[PDB]
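Residue numbers (the deposited numbering), protein chains in the order written: chain B, 20 to 137; chain C, 21 to 130; chain A, 79 to 615.
Quick reminder that beta carbons are idealized off the backbone N, C-alpha and C, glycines included.
Taking it in order: structure first as structure tokens, then the write-up.
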Amino acid sequence: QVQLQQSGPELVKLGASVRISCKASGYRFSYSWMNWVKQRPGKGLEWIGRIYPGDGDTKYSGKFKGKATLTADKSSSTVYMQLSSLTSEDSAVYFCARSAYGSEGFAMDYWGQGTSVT
Amino acid sequence: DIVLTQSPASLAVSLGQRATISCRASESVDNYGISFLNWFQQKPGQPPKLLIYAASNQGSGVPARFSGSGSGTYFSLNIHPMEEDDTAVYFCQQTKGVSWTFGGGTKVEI
Amino acid sequence: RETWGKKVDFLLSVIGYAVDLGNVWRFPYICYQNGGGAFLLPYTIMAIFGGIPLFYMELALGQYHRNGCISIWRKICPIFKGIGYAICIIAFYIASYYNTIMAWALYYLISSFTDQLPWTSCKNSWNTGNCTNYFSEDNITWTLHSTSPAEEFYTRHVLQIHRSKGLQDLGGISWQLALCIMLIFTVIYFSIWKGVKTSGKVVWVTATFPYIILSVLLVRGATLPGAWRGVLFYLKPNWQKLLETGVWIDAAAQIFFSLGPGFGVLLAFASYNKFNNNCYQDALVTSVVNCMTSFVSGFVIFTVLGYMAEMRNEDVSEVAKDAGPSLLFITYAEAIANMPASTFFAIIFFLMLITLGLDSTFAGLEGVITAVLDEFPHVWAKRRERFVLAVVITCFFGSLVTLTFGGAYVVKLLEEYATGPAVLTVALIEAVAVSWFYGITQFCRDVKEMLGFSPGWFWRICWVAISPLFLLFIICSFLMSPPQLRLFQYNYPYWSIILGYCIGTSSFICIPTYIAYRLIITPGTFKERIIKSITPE
Ligand SMILES: CC(C)CCC[C@@H](C)[C@H]1CC[C@H]2[C@@H]3CC=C4C[C@@H](OC(=O)CCC(=O)O)CC[C@]4(C)[C@H]3CC[C@]12C
Ligand SMILES: *[C@@H]1O[C@H](CO)[C@@H](O[C@@H]2O[C@H](CO)[C@@H](O)[C@H](O)[C@H]2NC(C)=O)[C@H](O)[C@H]1NC(C)=O
Ligand SMILES: CC[C@H]1C[C@@H]2C[C@H]3c4[nH]c5ccc(OC)cc5c4CCN(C2)[C@@H]13
């Protein structure tokens, strides 16, 4: 069912580049909308963006568009994200989100284990 | 951007008593007869676990304690007598594009 | 009294009025069901014998009196004064049915300006789970609830049918379509508020617009030969439907709906000039052009499905069979999403339905407004500007029965029953009165002078025998075969079917109503009341 396996962690440097991964499987990845979320100790959650393997449409907000870049490949059955020019505040954990369909309100059912951006 | 607030900040839900958590907002998000608002279950270390679909329909894999209803810019997360294992902080989801926002949060404890 | 002026400006008002969105839906949706190419042969035979006489009748009776729709019967057969009110009552039902359709084309026009239309991807605001129309490398899965983005773009985006379960419950008041009703009657008011001469200098460019649409639209379909292979298997000879009548009588009714006489519209058109030695030319051209327009109308629609049927690898029967109105909105919407020629034919297409939408609304309204104003000289003198507005205030009041309800159950209900025995009974009484009671031999005495020749050998047989013949088959078969309708897999309750039956039956109750008042008030014996009422005999 849940097969949203991310890659390992990565070291953060001033002016670095990270290549986060997530295996899209266990469902029809070619029809749902993937998302990403931030989380830190003592703070809540926050939306990042959206992407669709096959189309590539992306919409950003919350001051994340300055460095956010989502990519997806339907043939690989994965979804990637590039975040260049990181800093200390960007140290967080990201979960590989997946919203449901409009028949039940686009709720986020499946999730990943998460990778620590140390 | 849609504003989201919650109150009280900390609910001392004793064993054998209901709960009440709301999700205030400026909008006006009622569209297609399905209010784009949901609730998650976030524990220390574990990822979010969904509770209710559209804040009105109980989901699968969740106990039958959770429920929600309302109309307009004020809902309430009515819950059956709480169990010790259900301790978790809940946020209010917003799926109306283009920009999405989440609530502040309320700590549910004994 | 007002006058038209230029010749072609008069004809094109009838050309644009004959063309209708109903011909875009009823003709192609019913053609393939009756065997495709086998539906064209009744369409030609029934048009000469069934389409000619009733069409020219309203054009013939109107070009002889020039006194509106109600007072016209005060001269030949005063007992039939109730036909005018019957047209006004029946016209109000179709008005609410006809104006609600224009709001959908107008609503999609505002959405058509975006280059990246919401047709290639179901975003996070629709029932995206059932979006499965993506011709990938063999990754299609047909299911019971499988739908298309164009279907969800029509099933829940504007309709929002999921809220309302049926006629027993109403939905919300969507202000999206409410704003569209303003723009519809807005353009129609400025044209009629000024006068009739304004039509001569405004809508003479609108008649040329939609015919160019079907021209360029067919050239785009012929770019790839893959679309040509679909129309070949479409027009195969299916002659088994000729013996089994089925809805063969309905095929003649579609012609009666295509031309649509008896509405007092062509009457008010010919009510302003004699049209000597050129009126017969207007009817003959309008018949052949409507026979070709409906043919070319459906010929281009199924040409689109020929390309979709290639990748789908499925018969055209299973595609677009649940409803009539759902065919056009779902068929064309899937073409621009697949063809790389988007951003150009989107805006060009929706203006076709809006252009025809304004034509029949303005051309058809002139028949109803011209009637009451002729008999009310105190209104036509000074209160003409205020009275015509009062009619428009009542129009959208009835349209809210469908928009505020939040469901298209009034749409599918008023499809067959609004234009069913309602228009049929009123149209039959008009032909029977002018022919049998009113002396047809005396009718051709003066009409031949305006035509320049004896109309015998063509009109003596049609209006006498053929006119009451084809009209009798629809009314009898309609009662012996109730057309149980369906709308998005929902069977109507049996008690709701009686609602649409009694409204259509009670729509023409005014005809037998006012006859009693005119006769009971008339003193004398029983024979005198008939002679005093019917002046020729
Ligand atoms: C598919 C088409 C053939 C059916 C729709 C007819 C329209 C093309 C309309 C708009 C352009 C019009 C026409 C434009 C060309 C002229 C030539 C014009 O020549 C004359 O002035 C004398 C006409 C006569 O001798 O009666 C007459 C009207 C006519 C046919 C117009 C009649 C009606 C027309 C055919
Ligand atoms: C697709 O269509 C409808 C949307 O109204 C949904 O149909 C569901 O089908 C189940 C099983 O037949 C029935 O209980 C109901 O008709 C519907 N139930 C629910 C819970 O929606 C369906 O959910 C839509 N989405 C998908 C992915 O099929
Ligand atoms: C030519 C085909 C005719 C036969 C059916 C009825 C008739 C008609 N009645 C009306 C009354 C008022 C109105 O706008 C104010 C429009 C109409 C229409 C338009 C649509 N068609 C279909 C015509």
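At a cut-off of 7 Å, the C-beta of residue 79 of chain A has no neighbouring C-beta in chain C. A residue is called buried when at least 16 other Cβ atoms come within 10 angstroms of its Cβ; residue 235 of chain A meets this threshold and is buried. Straight through space, the alpha carbons of residue 309 of chain A and residue 121 of chain A are spaced by roughly 19 Å. Taking CB atoms only, residue 120 of chain B has a neighbour in chain A less than 7 Å away. Not one heavy atom of ligand 3 is found less than 6 Å from the C-beta of residue 184 of chain A. Cα atoms of residue 59 of chain C and residue 292 of chain A: separation of roughly 52 Å, rounded to the nearest angstrom. Around the CB of residue 98 of chain A, 16 or more other CB atoms lie within 10 Å, so the residue is classed as buried. With a minimum length of 4 residues, the unbroken runs of alpha helix (DSSP H) contained wholly in the stretch 149-203 of chain A fall at 151-154 and 161-189. Taking C-alpha positions only, residue 411 of chain A is separated from residue 103 of chain A by approximately 15 Å. Inter-residue distance for residue 257 of chain A and residue 384 of chain A is about 37 Å (C-alpha atoms, whole angstroms). For residue 230 of chain A, there is no enclosing beta strand (DSSP E); the enclosing alpha helix (DSSP H) has its first and last residue at 227-233.
Under DSSP, residue 462 of chain A forms no beta bridge with any residue. Here residue 129 of chain C is bridged, per DSSP, to C:32. Among the CB atoms of chain B, none fall inside 7 Å of the CB of residue 93 of chain C. Leaving aside the five residues that flank residue 163 of chain A on each side, the residues in its chain whose CB is nearer than 6 Å to its CB run, in chain order, 588.
Rounded to the nearest whole angstrom, the C-alpha separation of residue 173 of chain A and residue 260 of chain A is 14 Å. For residue 326 of chain A, the enclosing alpha helix (DSSP H) starts and ends at 326-337. Scanning its chain for C-beta atoms nearer than 7 Å, with the 5 sequence neighbours on each side dropped, one finds around residue 219 of chain A the residues 210, in chain order. Those residues of the stretch 237-259 of chain A placed with their C-beta closer than 9 Å to a C-beta in chain C are 238, 240, 241, 249 and 250, ordered along the chain. Per DSSP, residue 388 of chain A lies in no beta strand (DSSP E) segment; the continuous alpha helix (DSSP H) that holds it begins and ends at 357-390. Judged by DSSP in its simplified three-state form, residue 435 of chain A adopts helix. Here the alpha carbon of residue 404 of chain A sits roughly 10 Å from the alpha carbon of residue 565 of chain A. Residue contact with chain C for residue 74 of chain B: absent (no Cβ-Cβ distance below 7 Å to any residue of chain C).
When A:476, A:517, A:606 and A:538 are compared, the shortest CA-CA separation from residue 169 of chain A is found for A:476. Taken in chain order, the unbroken stretches of beta strand (DSSP E) that lie wholly in the stretch 47-129 of chain B and span 3 residues or more are 53-57, 65-70, 87-92, 97-103 and 111-117.
Per DSSP, residue 101 of chain A is one residue of the alpha helix (DSSP H) stretching across 99-109.
Taking CB atoms only, residue 64 of chain B has a neighbour in chain C less than 7 Å away. Nearest Cα to residue 100 of chain A within the set A:438, A:459, A:151 and A:473: A:438. Using a Cβ-Cβ cut-off of 7 Å, residue 23 of chain C does not count as an interface residue toward chain B, since no Cβ of chain B sits closer than that to its own. When secondary structure is reduced to three states using DSSP, residue 25 of chain C falls in the strand class.
Straight through space, the alpha carbons of residue 133 of chain B and residue 100 of chain B are spaced by roughly 14 Å. For the stretch 95-115 of chain C, the residues whose beta carbon sits under 9 Å from a beta carbon of chain A are, in order, 115. In the structure shown, residue 538 of chain A falls within a helical segment according to DSSP collapsed to helix, strand and coil. For the pair residue 441 of chain A and residue 92 of chain A, the Cα-to-Cα distance works out to about 8 Å. Annotated three-state conformation of residue 41 of chain B is strand, per DSSP.
The C-beta of residue 31 of chain C comes no closer than 7 Å to any C-beta of chain B.
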